[PDB]
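Everything below belongs to query_11.cif, which stores mmCIF, N, CA, C and O atoms.
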```cif
data_coords
#
loop_
_atom_site.label_atom_id
_atom_site.label_comp_id
_atom_site.auth_asym_id
_atom_site.auth_seq_id
_atom_site.Cartn_x
_atom_site.Cartn_y
_atom_site.Cartn_z
N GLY A 1 -58.22 -17.22 20.04
CA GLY A 1 -57.71 -16.11 20.81
C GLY A 1 -56.31 -15.67 20.43
O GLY A 1 -55.87 -14.62 20.89
N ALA A 2 -55.61 -16.45 19.60
CA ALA A 2 -54.29 -16.06 19.13
C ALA A 2 -54.33 -14.80 18.29
O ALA A 2 -53.28 -14.19 18.07
N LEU A 3 -55.50 -14.40 17.80
CA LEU A 3 -55.61 -13.23 16.95
C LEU A 3 -55.49 -11.92 17.73
O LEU A 3 -55.20 -10.89 17.13
N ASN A 4 -55.71 -11.96 19.05
CA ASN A 4 -55.53 -10.81 19.92
C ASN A 4 -54.28 -10.93 20.79
O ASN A 4 -54.17 -10.26 21.81
N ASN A 5 -53.34 -11.77 20.38
CA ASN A 5 -52.20 -12.16 21.20
C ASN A 5 -51.10 -12.63 20.25
O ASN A 5 -51.12 -12.32 19.05
N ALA A 6 -50.11 -13.35 20.79
CA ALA A 6 -49.06 -14.06 20.07
C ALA A 6 -47.93 -13.14 19.61
O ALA A 6 -46.97 -13.63 19.00
N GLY A 7 -47.99 -11.84 19.89
CA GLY A 7 -46.90 -10.97 19.50
C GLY A 7 -46.82 -10.81 17.99
O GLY A 7 -47.71 -11.20 17.23
N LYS A 8 -45.70 -10.22 17.56
CA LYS A 8 -45.42 -9.95 16.15
C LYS A 8 -44.26 -10.81 15.69
O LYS A 8 -43.26 -10.95 16.40
N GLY A 9 -44.40 -11.40 14.50
CA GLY A 9 -43.39 -12.32 13.99
C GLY A 9 -42.19 -11.62 13.38
O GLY A 9 -42.21 -10.42 13.09
N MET A 10 -41.14 -12.40 13.17
CA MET A 10 -39.86 -11.92 12.64
C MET A 10 -39.40 -12.81 11.50
O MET A 10 -39.28 -14.03 11.69
N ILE A 11 -39.10 -12.22 10.35
CA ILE A 11 -38.31 -12.89 9.32
C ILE A 11 -36.86 -12.58 9.65
O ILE A 11 -36.25 -11.65 9.12
N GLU A 12 -36.29 -13.37 10.55
CA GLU A 12 -34.89 -13.30 10.92
C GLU A 12 -34.11 -14.41 10.24
O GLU A 12 -34.53 -15.57 10.27
N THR A 13 -33.00 -14.05 9.63
CA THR A 13 -32.02 -14.99 9.11
C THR A 13 -30.71 -14.77 9.83
O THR A 13 -30.27 -13.62 9.99
N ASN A 14 -30.08 -15.86 10.27
CA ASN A 14 -28.79 -15.78 10.95
C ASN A 14 -27.68 -15.74 9.91
O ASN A 14 -26.96 -16.71 9.66
N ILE A 15 -27.56 -14.57 9.28
CA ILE A 15 -26.49 -14.33 8.31
C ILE A 15 -25.27 -13.71 8.99
O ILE A 15 -24.16 -13.79 8.44
N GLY A 16 -25.44 -13.11 10.16
CA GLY A 16 -24.30 -12.56 10.87
C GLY A 16 -23.32 -13.63 11.31
O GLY A 16 -22.10 -13.42 11.24
N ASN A 17 -23.82 -14.77 11.78
CA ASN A 17 -22.93 -15.85 12.18
C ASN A 17 -22.16 -16.40 10.98
O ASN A 17 -20.97 -16.71 11.09
N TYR A 18 -22.83 -16.52 9.83
CA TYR A 18 -22.14 -16.92 8.61
C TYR A 18 -21.05 -15.92 8.25
O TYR A 18 -19.93 -16.31 7.90
N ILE A 19 -21.35 -14.62 8.34
CA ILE A 19 -20.35 -13.60 8.01
C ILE A 19 -19.17 -13.68 8.97
O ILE A 19 -18.01 -13.56 8.56
N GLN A 20 -19.44 -13.87 10.26
CA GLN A 20 -18.36 -14.01 11.23
C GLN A 20 -17.51 -15.23 10.93
O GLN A 20 -16.29 -15.18 11.05
N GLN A 21 -18.14 -16.34 10.54
CA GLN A 21 -17.39 -17.54 10.19
C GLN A 21 -16.47 -17.27 9.01
O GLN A 21 -15.31 -17.68 9.01
N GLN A 22 -16.99 -16.58 7.98
CA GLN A 22 -16.15 -16.30 6.82
C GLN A 22 -15.00 -15.37 7.17
O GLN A 22 -13.88 -15.55 6.69
N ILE A 23 -15.26 -14.36 8.01
CA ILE A 23 -14.19 -13.45 8.41
C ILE A 23 -13.12 -14.20 9.20
O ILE A 23 -11.92 -13.97 9.02
N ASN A 24 -13.53 -15.09 10.10
CA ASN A 24 -12.57 -15.87 10.86
C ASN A 24 -11.76 -16.78 9.95
O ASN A 24 -10.55 -16.95 10.15
N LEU A 25 -12.41 -17.38 8.95
CA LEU A 25 -11.68 -18.21 8.00
C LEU A 25 -10.67 -17.38 7.21
O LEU A 25 -9.56 -17.84 6.94
N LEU A 26 -11.04 -16.16 6.82
CA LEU A 26 -10.10 -15.29 6.14
C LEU A 26 -8.90 -14.98 7.02
O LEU A 26 -7.75 -15.00 6.55
N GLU A 27 -9.14 -14.69 8.30
CA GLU A 27 -8.03 -14.43 9.21
C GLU A 27 -7.13 -15.65 9.33
O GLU A 27 -5.90 -15.53 9.31
N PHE A 28 -7.73 -16.84 9.44
CA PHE A 28 -6.95 -18.07 9.55
C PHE A 28 -6.11 -18.31 8.30
O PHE A 28 -4.93 -18.67 8.41
N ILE A 29 -6.69 -18.11 7.12
CA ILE A 29 -5.95 -18.39 5.89
C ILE A 29 -4.83 -17.39 5.68
O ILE A 29 -3.73 -17.74 5.24
N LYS A 30 -5.08 -16.11 5.98
CA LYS A 30 -4.02 -15.13 5.87
C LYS A 30 -2.89 -15.44 6.85
O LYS A 30 -1.71 -15.33 6.51
N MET A 31 -3.24 -15.86 8.07
CA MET A 31 -2.23 -16.25 9.05
C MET A 31 -1.41 -17.43 8.55
O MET A 31 -0.19 -17.47 8.72
N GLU A 32 -2.06 -18.42 7.95
CA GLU A 32 -1.36 -19.63 7.53
C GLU A 32 -0.46 -19.34 6.33
O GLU A 32 0.65 -19.88 6.24
N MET A 33 -0.92 -18.50 5.40
CA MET A 33 -0.05 -18.03 4.32
C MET A 33 1.15 -17.27 4.86
O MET A 33 2.28 -17.45 4.39
N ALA A 34 0.93 -16.41 5.85
CA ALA A 34 2.04 -15.70 6.47
C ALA A 34 3.05 -16.68 7.05
O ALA A 34 4.26 -16.52 6.86
N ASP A 35 2.58 -17.71 7.75
CA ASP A 35 3.49 -18.66 8.37
C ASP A 35 4.27 -19.45 7.33
O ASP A 35 5.49 -19.62 7.46
N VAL A 36 3.60 -19.96 6.30
CA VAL A 36 4.29 -20.79 5.32
C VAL A 36 5.31 -19.96 4.54
O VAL A 36 6.38 -20.45 4.18
N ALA A 37 4.98 -18.70 4.26
CA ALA A 37 5.94 -17.82 3.60
C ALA A 37 7.13 -17.48 4.48
O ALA A 37 8.10 -16.91 3.98
N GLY A 38 7.09 -17.80 5.77
CA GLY A 38 8.16 -17.41 6.66
C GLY A 38 8.16 -15.95 7.00
O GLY A 38 9.20 -15.42 7.41
N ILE A 39 7.02 -15.27 6.85
CA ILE A 39 6.91 -13.83 7.07
C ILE A 39 5.76 -13.61 8.05
O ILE A 39 4.59 -13.55 7.65
N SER A 40 6.09 -13.46 9.33
CA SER A 40 5.10 -13.29 10.38
C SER A 40 4.48 -11.89 10.31
O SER A 40 4.95 -11.01 9.59
N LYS A 41 3.40 -11.71 11.07
CA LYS A 41 2.79 -10.39 11.16
C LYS A 41 3.75 -9.39 11.81
O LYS A 41 3.91 -8.27 11.33
N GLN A 42 4.40 -9.80 12.90
CA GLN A 42 5.35 -8.92 13.56
C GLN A 42 6.53 -8.58 12.66
O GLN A 42 7.21 -7.57 12.89
N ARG A 43 6.78 -9.40 11.63
CA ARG A 43 7.89 -9.24 10.71
C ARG A 43 7.51 -8.44 9.47
O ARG A 43 8.39 -8.15 8.65
N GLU A 44 6.25 -8.04 9.33
CA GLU A 44 5.82 -7.06 8.34
C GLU A 44 5.79 -5.63 8.87
O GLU A 44 5.64 -4.70 8.08
N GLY A 45 5.91 -5.44 10.18
CA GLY A 45 5.74 -4.12 10.77
C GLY A 45 6.50 -3.92 12.06
O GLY A 45 7.10 -2.87 12.28
N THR B 1 7.91 -0.12 12.94
CA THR B 1 7.58 0.70 11.78
C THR B 1 8.60 0.52 10.66
O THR B 1 8.29 0.76 9.49
N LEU B 2 9.82 0.11 11.01
CA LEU B 2 10.83 -0.17 10.00
C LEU B 2 10.39 -1.30 9.08
O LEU B 2 10.52 -1.22 7.85
N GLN B 3 9.85 -2.36 9.67
CA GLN B 3 9.47 -3.52 8.88
C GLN B 3 8.34 -3.17 7.92
O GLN B 3 8.23 -3.77 6.85
N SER B 4 7.49 -2.23 8.31
CA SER B 4 6.48 -1.70 7.40
C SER B 4 7.09 -0.76 6.37
O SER B 4 6.61 -0.70 5.23
N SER B 5 8.12 -0.01 6.75
CA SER B 5 8.83 0.83 5.79
C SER B 5 9.44 0.01 4.67
O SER B 5 9.62 0.50 3.55
N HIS B 6 9.78 -1.25 4.97
CA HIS B 6 10.25 -2.15 3.92
C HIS B 6 9.20 -2.34 2.84
O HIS B 6 9.54 -2.52 1.67
N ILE B 7 7.92 -2.31 3.19
CA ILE B 7 6.89 -2.60 2.20
C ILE B 7 6.83 -1.52 1.13
O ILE B 7 6.47 -1.79 -0.01
N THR B 8 7.16 -0.27 1.48
CA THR B 8 7.06 0.85 0.56
C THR B 8 8.42 1.34 0.08
O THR B 8 8.48 2.24 -0.79
N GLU B 9 9.51 0.77 0.59
CA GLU B 9 10.82 1.20 0.15
C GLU B 9 11.02 0.98 -1.35
O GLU B 9 11.88 1.64 -1.93
N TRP B 10 10.25 0.10 -1.99
CA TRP B 10 10.40 -0.07 -3.43
C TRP B 10 9.86 1.13 -4.20
O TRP B 10 10.48 1.59 -5.16
N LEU B 11 8.70 1.66 -3.77
CA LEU B 11 8.21 2.91 -4.33
C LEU B 11 9.25 4.00 -4.15
O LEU B 11 9.55 4.75 -5.08
N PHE B 12 9.83 4.07 -2.95
CA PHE B 12 10.81 5.11 -2.70
C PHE B 12 12.08 4.92 -3.51
O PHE B 12 12.70 5.91 -3.93
N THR B 13 12.49 3.68 -3.76
CA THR B 13 13.69 3.43 -4.54
C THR B 13 13.50 3.84 -6.00
O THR B 13 14.37 4.50 -6.59
N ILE B 14 12.38 3.45 -6.60
CA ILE B 14 12.17 3.86 -7.99
C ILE B 14 12.00 5.37 -8.06
O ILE B 14 12.45 6.00 -9.02
N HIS B 15 11.38 5.98 -7.05
CA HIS B 15 11.29 7.44 -7.02
C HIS B 15 12.67 8.08 -6.99
O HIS B 15 12.92 9.06 -7.71
N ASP B 16 13.57 7.57 -6.16
CA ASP B 16 14.90 8.14 -6.06
C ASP B 16 15.66 8.00 -7.38
O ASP B 16 16.39 8.91 -7.78
N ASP B 17 15.51 6.85 -8.05
CA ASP B 17 16.15 6.68 -9.35
C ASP B 17 15.62 7.69 -10.36
O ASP B 17 16.39 8.29 -11.13
N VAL B 18 14.29 7.88 -10.38
CA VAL B 18 13.70 8.85 -11.30
C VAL B 18 14.22 10.25 -11.00
O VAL B 18 14.48 11.04 -11.91
N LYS B 19 14.37 10.59 -9.72
CA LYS B 19 14.88 11.90 -9.35
C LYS B 19 16.32 12.09 -9.81
O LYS B 19 16.68 13.17 -10.31
N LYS B 20 17.16 11.07 -9.64
CA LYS B 20 18.54 11.16 -10.12
C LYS B 20 18.58 11.41 -11.62
O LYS B 20 19.32 12.27 -12.11
N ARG B 21 17.77 10.67 -12.38
CA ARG B 21 17.77 10.84 -13.83
C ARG B 21 17.22 12.20 -14.24
O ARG B 21 17.69 12.80 -15.20
N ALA B 22 16.20 12.69 -13.53
CA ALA B 22 15.64 14.00 -13.86
C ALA B 22 16.65 15.10 -13.58
O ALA B 22 16.73 16.08 -14.33
N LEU B 23 17.42 14.97 -12.50
CA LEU B 23 18.47 15.95 -12.24
C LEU B 23 19.60 15.88 -13.26
O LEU B 23 20.15 16.92 -13.62
N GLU B 24 19.95 14.68 -13.74
CA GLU B 24 20.92 14.62 -14.84
C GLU B 24 20.37 15.29 -16.10
O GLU B 24 21.10 16.03 -16.78
N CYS B 25 19.13 15.00 -16.48
CA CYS B 25 18.48 15.67 -17.62
C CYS B 25 18.50 17.18 -17.37
O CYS B 25 18.90 17.80 -18.27
N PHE B 26 18.21 17.72 -16.18
CA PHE B 26 18.26 19.15 -15.93
C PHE B 26 19.68 19.68 -16.08
O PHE B 26 19.89 20.79 -16.58
N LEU B 27 20.67 18.91 -15.64
CA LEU B 27 22.06 19.35 -15.75
C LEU B 27 22.48 19.50 -17.20
O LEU B 27 23.14 20.48 -17.56
N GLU B 28 22.11 18.54 -18.05
CA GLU B 28 22.45 18.67 -19.47
C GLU B 28 21.70 19.84 -20.11
O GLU B 28 22.27 20.55 -20.95
N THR B 29 20.44 20.05 -19.73
CA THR B 29 19.70 21.20 -20.24
C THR B 29 20.38 22.50 -19.85
O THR B 29 20.52 23.42 -20.67
N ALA B 30 20.83 22.61 -18.60
CA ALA B 30 21.52 23.81 -18.15
C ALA B 30 22.84 23.99 -18.88
O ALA B 30 23.22 25.11 -19.23
N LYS B 31 23.56 22.89 -19.13
CA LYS B 31 24.80 22.96 -19.89
C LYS B 31 24.55 23.55 -21.27
O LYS B 31 25.32 24.38 -21.75
N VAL B 32 23.48 23.10 -21.94
CA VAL B 32 23.18 23.63 -23.26
C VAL B 32 22.73 25.08 -23.17
O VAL B 32 22.97 25.87 -24.09
N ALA B 33 22.05 25.45 -22.09
CA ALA B 33 21.63 26.84 -21.93
C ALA B 33 22.81 27.77 -21.69
O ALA B 33 22.72 28.96 -21.99
N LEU B 34 23.91 27.24 -21.14
CA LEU B 34 25.09 28.07 -20.90
C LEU B 34 25.54 28.77 -22.17
O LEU B 34 25.87 29.96 -22.16
N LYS B 35 25.56 28.04 -23.29
CA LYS B 35 25.98 28.59 -24.58
C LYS B 35 24.78 29.16 -25.34
O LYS B 35 24.50 28.81 -26.48
N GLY B 36 24.09 30.09 -24.69
CA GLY B 36 22.93 30.74 -25.27
C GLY B 36 22.85 32.22 -24.99
O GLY B 36 21.79 32.83 -25.14
N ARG B 37 23.97 32.82 -24.58
CA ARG B 37 24.08 34.26 -24.35
C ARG B 37 23.06 34.72 -23.30
O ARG B 37 22.22 35.58 -23.55
N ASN B 38 23.16 34.12 -22.12
CA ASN B 38 22.35 34.47 -20.96
C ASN B 38 23.28 34.94 -19.85
O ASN B 38 24.16 34.20 -19.42
N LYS B 39 23.08 36.17 -19.39
CA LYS B 39 23.97 36.76 -18.39
C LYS B 39 23.67 36.28 -16.98
O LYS B 39 24.42 36.63 -16.06
N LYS B 40 22.61 35.50 -16.78
CA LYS B 40 22.32 34.99 -15.44
C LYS B 40 23.43 34.07 -14.96
O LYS B 40 23.79 34.10 -13.78
N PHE B 41 23.97 33.25 -15.86
CA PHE B 41 24.99 32.28 -15.47
C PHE B 41 26.28 32.94 -15.03
O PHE B 41 27.07 32.31 -14.32
N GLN B 42 26.52 34.19 -15.43
CA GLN B 42 27.70 34.90 -14.95
C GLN B 42 27.60 35.22 -13.46
O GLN B 42 28.63 35.51 -12.84
#
```
Would you mind writing the structure in this file as structure tokens?
Amino acid sequence: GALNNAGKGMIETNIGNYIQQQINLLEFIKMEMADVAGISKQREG
Amino acid sequence: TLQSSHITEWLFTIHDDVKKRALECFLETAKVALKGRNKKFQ
């Protein structure tokens, strides 16, 4: 009876969470470079 | 906005130097044109 039921399947990959993780890491690394250089974000603008 | 103006002040500084030199080059050109029988300079 699953042939008249069970809905439609999805080839879903959770690549958005990976992308968000990479973006957050980029923000963290840029922040840490800013701090070590002694040049804050508020001090660039 | 001043702290951001610092980021581009180098472009502006080299631009200002180029402008000073171009005006000196124009001044020497005009000096040489003076001795060319042109009544505009009168």
May I have all residues of chain A that DSSP, computed from the backbone, assigns to alpha helix (DSSP H), given as a compact mmCIF listing (two decimals) with N, CA, C and O atoms, in the frame of the given file?
```
# COMPACT_ATOMS: atom_id res chain seq x y z
N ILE A 15 -27.56 -14.57 9.28
CA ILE A 15 -26.49 -14.33 8.31
C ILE A 15 -25.27 -13.71 8.99
O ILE A 15 -24.16 -13.79 8.44
N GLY A 16 -25.44 -13.11 10.16
CA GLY A 16 -24.30 -12.56 10.87
C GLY A 16 -23.32 -13.63 11.31
O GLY A 16 -22.10 -13.42 11.24
N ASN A 17 -23.82 -14.77 11.78
CA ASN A 17 -22.93 -15.85 12.18
C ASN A 17 -22.16 -16.40 10.98
O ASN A 17 -20.97 -16.71 11.09
N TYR A 18 -22.83 -16.52 9.83
CA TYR A 18 -22.14 -16.92 8.61
C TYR A 18 -21.05 -15.92 8.25
O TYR A 18 -19.93 -16.31 7.90
N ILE A 19 -21.35 -14.62 8.34
CA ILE A 19 -20.35 -13.60 8.01
C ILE A 19 -19.17 -13.68 8.97
O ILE A 19 -18.01 -13.56 8.56
N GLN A 20 -19.44 -13.87 10.26
CA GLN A 20 -18.36 -14.01 11.23
C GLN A 20 -17.51 -15.23 10.93
O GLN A 20 -16.29 -15.18 11.05
N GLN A 21 -18.14 -16.34 10.54
CA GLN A 21 -17.39 -17.54 10.19
C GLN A 21 -16.47 -17.27 9.01
O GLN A 21 -15.31 -17.68 9.01
N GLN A 22 -16.99 -16.58 7.98
CA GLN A 22 -16.15 -16.30 6.82
C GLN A 22 -15.00 -15.37 7.17
O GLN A 22 -13.88 -15.55 6.69
N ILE A 23 -15.26 -14.36 8.01
CA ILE A 23 -14.19 -13.45 8.41
C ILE A 23 -13.12 -14.20 9.20
O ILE A 23 -11.92 -13.97 9.02
N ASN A 24 -13.53 -15.09 10.10
CA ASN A 24 -12.57 -15.87 10.86
C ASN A 24 -11.76 -16.78 9.95
O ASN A 24 -10.55 -16.95 10.15
N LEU A 25 -12.41 -17.38 8.95
CA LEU A 25 -11.68 -18.21 8.00
C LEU A 25 -10.67 -17.38 7.21
O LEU A 25 -9.56 -17.84 6.94
N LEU A 26 -11.04 -16.16 6.82
CA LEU A 26 -10.10 -15.29 6.14
C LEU A 26 -8.90 -14.98 7.02
O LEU A 26 -7.75 -15.00 6.55
N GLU A 27 -9.14 -14.69 8.30
CA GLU A 27 -8.03 -14.43 9.21
C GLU A 27 -7.13 -15.65 9.33
O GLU A 27 -5.90 -15.53 9.31
N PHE A 28 -7.73 -16.84 9.44
CA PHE A 28 -6.95 -18.07 9.55
C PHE A 28 -6.11 -18.31 8.30
O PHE A 28 -4.93 -18.67 8.41
N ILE A 29 -6.69 -18.11 7.12
CA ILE A 29 -5.95 -18.39 5.89
C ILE A 29 -4.83 -17.39 5.68
O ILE A 29 -3.73 -17.74 5.24
N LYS A 30 -5.08 -16.11 5.98
CA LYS A 30 -4.02 -15.13 5.87
C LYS A 30 -2.89 -15.44 6.85
O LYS A 30 -1.71 -15.33 6.51
N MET A 31 -3.24 -15.86 8.07
CA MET A 31 -2.23 -16.25 9.05
C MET A 31 -1.41 -17.43 8.55
O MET A 31 -0.19 -17.47 8.72
N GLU A 32 -2.06 -18.42 7.95
CA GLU A 32 -1.36 -19.63 7.53
C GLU A 32 -0.46 -19.34 6.33
O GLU A 32 0.65 -19.88 6.24
N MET A 33 -0.92 -18.50 5.40
CA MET A 33 -0.05 -18.03 4.32
C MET A 33 1.15 -17.27 4.86
O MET A 33 2.28 -17.45 4.39
N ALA A 34 0.93 -16.41 5.85
CA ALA A 34 2.04 -15.70 6.47
C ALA A 34 3.05 -16.68 7.05
O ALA A 34 4.26 -16.52 6.86
N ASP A 35 2.58 -17.71 7.75
CA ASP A 35 3.49 -18.66 8.37
C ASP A 35 4.27 -19.45 7.33
O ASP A 35 5.49 -19.62 7.46
N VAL A 36 3.60 -19.96 6.30
CA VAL A 36 4.29 -20.79 5.32
C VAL A 36 5.31 -19.96 4.54
O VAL A 36 6.38 -20.45 4.18
```
- Message: Using all atoms listed in the file and a cut-off of 8 Å, which residues of chain A sit close to chain B? Please list them as number ranges by chain.
- Response: A: 41-45
Residue subset to file, keeping N, CA, C and O atoms, as a compact mmCIF listing (two decimals), keeping the file's coordinate frame:
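Result file is part.txt:
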```txt
# COMPACT_ATOMS: atom_id res chain seq x y z
N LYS A 41 3.40 -11.71 11.07
CA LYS A 41 2.79 -10.39 11.16
C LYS A 41 3.75 -9.39 11.81
O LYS A 41 3.91 -8.27 11.33
N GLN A 42 4.40 -9.80 12.90
CA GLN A 42 5.35 -8.92 13.56
C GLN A 42 6.53 -8.58 12.66
O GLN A 42 7.21 -7.57 12.89
N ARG A 43 6.78 -9.40 11.63
CA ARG A 43 7.89 -9.24 10.71
C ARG A 43 7.51 -8.44 9.47
O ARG A 43 8.39 -8.15 8.65
N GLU A 44 6.25 -8.04 9.33
CA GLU A 44 5.82 -7.06 8.34
C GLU A 44 5.79 -5.63 8.87
O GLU A 44 5.64 -4.70 8.08
N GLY A 45 5.91 -5.44 10.18
CA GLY A 45 5.74 -4.12 10.77
C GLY A 45 6.50 -3.92 12.06
O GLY A 45 7.10 -2.87 12.28
```
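For the atom pair formed by CA of residue 37 (chain B) and atom O of residue 24 (chain B), the distance is 20.0 Å, given to one decimal.
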